[PDB]
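Each chain, letter by letter, is given below.
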Amino acid sequence: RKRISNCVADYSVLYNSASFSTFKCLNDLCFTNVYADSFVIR
Amino acid sequence: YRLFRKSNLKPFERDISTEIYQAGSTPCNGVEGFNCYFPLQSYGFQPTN
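Rules of the game
Residues numbered from 1 in each chain as written, not as in the entry; some residues may be left out. Chains lettered and ligands numbered in written order. Part of a larger assembly, values for the part shown. Heavy atoms only, no water. 1 Å grid on protein atoms, 1.4 Å probe; cavity = no way out; pocket = protein on both sides within 12 Å on 5 of 7 lines; lining within 4 Å. Points joined across faces, edges and corners; volume = space filled by probe spheres on them. Nonpolar A, V, L, I, M, F, W, Y, C, P; charged D, E, K, R; others polar. Patch = residues over 30% accessible without salt bridge, like charges linked within 9 Å, V, L, I, M, F, W, Y side chains within 5 Å. Areas by Shrake-Rupley, 256 points an atom, 1.4 Å probe, with all protein chains shown as cover. Salt bridge = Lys/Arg side-chain N within 4 Å of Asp/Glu carboxyl O. Buried < 20%, exposed > 50% of the residue type's maximum accessible area, 1.4 Å probe, protein only. Contact = heavy atoms within 4.5 Å. Buried area = accessible area lost by both parts, 1.4 Å probe. Polar contact = N/O pair within 3.5 Å; in protein donor to acceptor, adjacent residues only side chain to side chain.

> So what exactly am I meant to see when it comes to empty space enclosed by the protein here?
One simple way to see leftover space: roll a probe sized like a water molecule over the atoms. Within this model, the largest cavity holds a volume of roughly 30 Å³. Lining the largest cavity, in full, are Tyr15(A), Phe20(A), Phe23(A), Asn35(B) and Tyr37(B). Grouping the amino acids of the lining of the largest cavity by side-chain chemistry returns four nonpolar, one polar and no charged.

This is the structure we're talking about:
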């Protein structure tokens, strides 16, 4: 769990990256934290 | 039914057309996928829903 707080999370660059596979969901919304996970699936 | 619209359709305004929509910056140019979806979706009326 990469939970983060008080960071400027730029979802637009990530969302508008053209280097992904699935964006199953942003910069106008603020949240307490982002439980950003990390793993690889087949 | 319409899902992806650039703006809010005006009152009594009929967006009578089926044009492929362009979401955030990933040029579609006639294809669907990454930030590219067809704005008119078939719902499917099953009476037992």
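> Honestly, the layout of surface pockets in this entry has me stumped. Any pointers?
Residue and element names in this part refer to chain A. When its volume is computed, the second largest pocket comes out at roughly 210 Å³. What lines the second largest pocket is a set of 14 residues, and nearest its centre among them are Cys 7, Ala 9, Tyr 11, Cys 30 and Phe 31. Tallied by class, the residues present in the lining of the second largest pocket amount to nine nonpolar, five polar and no charged.

> Even after reading the chapter, I still don't get a nonpolar patch on the surface, so can you show me in this structure?
Taken together, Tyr1(B), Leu3(B), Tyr43(B) and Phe45(B) make up a surface patch of nonpolar side chains, about 520 Å² in accessible area. We classify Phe45(B) as exposed; its relative accessible area is 78%.

> I tried to follow the interface of chain B and chain A on my own but got confused; where do I start?
Think of interface size as the accessible area that goes away when the parts come together; that is how it is often given. The interface is formed by four residues belonging to chain B together with four residues belonging to chain A. Summing both sides of the interface, chain B and chain A together bury roughly 480 Å²; the carbon and sulfur share of this comes to 53%. Three residues, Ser25(B), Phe34(B) and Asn35(B), lead the burial of chain B against chain A; their summed loss comes to 73% of the area buried on that side. One can count zero salt bridges joining chain B with chain A. At the junction of chain B and chain A, the tally comes to one residue pair in polar contact. Partitioned by chemical class, the residues of the side of chain B that touches chain A number one nonpolar, three polar and no charged.

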